[PDB]
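The structure appears right after this line, and notes come after that.
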Amino acid sequence: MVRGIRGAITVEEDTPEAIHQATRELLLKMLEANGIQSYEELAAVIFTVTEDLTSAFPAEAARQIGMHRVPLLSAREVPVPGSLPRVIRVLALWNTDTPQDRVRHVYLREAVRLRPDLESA
Amino acid sequence: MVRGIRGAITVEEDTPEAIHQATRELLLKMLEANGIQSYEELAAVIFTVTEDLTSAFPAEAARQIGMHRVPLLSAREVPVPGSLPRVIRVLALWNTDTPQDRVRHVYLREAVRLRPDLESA
Amino acid sequence: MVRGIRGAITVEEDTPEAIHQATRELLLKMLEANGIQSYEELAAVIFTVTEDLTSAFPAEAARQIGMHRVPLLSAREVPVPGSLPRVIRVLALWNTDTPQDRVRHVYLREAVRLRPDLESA
Ligand SMILES: [Cl-]
Ligand SMILES: [Cl-]
Ligand SMILES: [Cl-]
């Protein structure tokens with residue numbers, strides 16, 4: 001049994017340096033938030049990028065933090081009018097028996113605006 | 001162990017009202033067809049939309065039926081010439097030991113044309 | 001518990017005959033490399049294609065080798081400048097307890113250039 005973990009983060013520019021940094025930061029925070037101890041717990045990680053980000057592969061950033069042995073895939077997000085620009089989204093598939101309500105999803109920088117429900121009191 | 005569940009549905013127009021309704025209908029029918037009792041059985045749900053649908057996020061529709069705690073991701077489908085227009089596709093990842101041939105895939109409206117094998121006698 | 005299996009292959013032209021052949025070849029090699037004995041071991045398979053490939057659905061090729069009962073989904077890859085053209089990527093989600101370092105990822109034709117780490121001595 002598997003639990004997905006969602007993440008999202010924004011960048012201010014379509015450059016590799018920006019995209020790679022943001023992706024590394026988000027991945028590490030997703031793992032930390034969930035108490036993951038090894039990349040071996042990850043079945044796979046899927047990324048999406050908005051259409052305004054073409055300069056870099058998020059999987060390259062994941063390999064900068066050593067995710068060579070984690071299977072990675074990336075795709076393009078739907079360009080909805082008025083939706084948040086320059087977003088990197090992550091779906092990590094985690095081999096765990098953690099209950100669904102104990103999985104922690106991580107939305108950073110302006111991406112917090114995507115999920116106001118995940119703000120809490 | 002995990003089983004994917006596929007769904008697909010068409011809409012007649014690229015509007016949020018159409019996309020959201022179709023997505024809600026399809027998701028509920030996928031769950032019902034498979035005898036799912038809780039959203040907690042879902043590892044994650046991945047959506048795709050054809051390039052002729054940009055007005056809405058399918059994940060927003062999933063949140064209208066309460067999928068806040070289900071990890072969701074969306075992407076764009078390949079624009080193959082002559083392929084069916086205005087299709088919302090769903091891949092639900094289901095934590096189950098159901099055999100592969102007992103999983104029920106759900107193709108609604110004109111999307112039945114995608115999978116004539118799933119028509120039966 | 002699930003392990004992803006990555007594959008990738010290139011084609012020389014955007015035609016169905018080329019895309020379908022390459023997809024069939026890659027899928028079978030991914031299964032063989034990992035000692036998979038039944039399609040029932042596959043939770044789902046996700047494909048991506050680069051933006052320069054629109055003539056065919058990789059899932060149609062998977063159905064030419066009988067993957068009707070395997071849930072399939074396809075999406076478009078990020079068009080990064082200078083990245084390899086005409087690539088079909090595969091993420092197979094495999095129900096297995098195989099350790100992460102014993103899963104075999106398969107990169108064929110020019111797609112070997114994507115992952116020089118997977119060349120070995
Ligand atoms: Cl959370
Ligand atoms: Cl079925
Ligand atoms: Cl390998």
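Order determines the names: the first chain of the structure tokens is A, the second B, and so forth; residues in each chain are numbered 1 upward, and ligands are numbered 1 upward as they are shown.
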
Could you name the residues that touch region 27-33 of chain A at 12 Å or less, counting only C-alpha atoms, but leaving out those on the same chain fewer than 2 positions away, as a PyMOL selection string?
-> chain A and resi 4-9+20-25+35-42+45-47+58-59+61-67+88-94+102-108

Using only C-alpha atoms, which chain B residues lie at most 10 Å away from chain A, written as number ranges by chain?
-> B: 1-2, 39-46, 48-51, 53-58, 68-77, 93-97

Determine which residues of chain A receive a DSSP assignment of strand (DSSP E), computed from the backbone, and state them as number ranges by chain.
-> A: 2-10, 42-49, 72-76, 87-95, 106-107

Gap from CA of residue 119 (chain A) to CA of residue 26 (chain B) - Å, one decimal =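 Interatomic distance, CA of residue 119 (chain A) to CA of residue 26 (chain B): 29.0 Å.
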
If you run DSSP on the backbone, which residues of chain B are helix (DSSP H, G or I), as a ChimeraX atom specification?
-> /B:16-34,39-41,58-64,67-69,100-102,109-114,116-118

Coordinates-based distance that separates CA of residue 111 (chain A) from CA of residue 14 (chain B) (Å, one decimal) |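 Between CA of residue 14 (chain B) and CA of residue 111 (chain A) the gap works out to 25.2 Å.
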
For the atom pair CA of residue 60 (chain B) and CA of residue 113 (chain B), what is the interatomic distance in Å to one decimal place?
->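 So the two atoms, CA of residue 60 (chain B) and CA of residue 113 (chain B), lie 26.2 Å apart.
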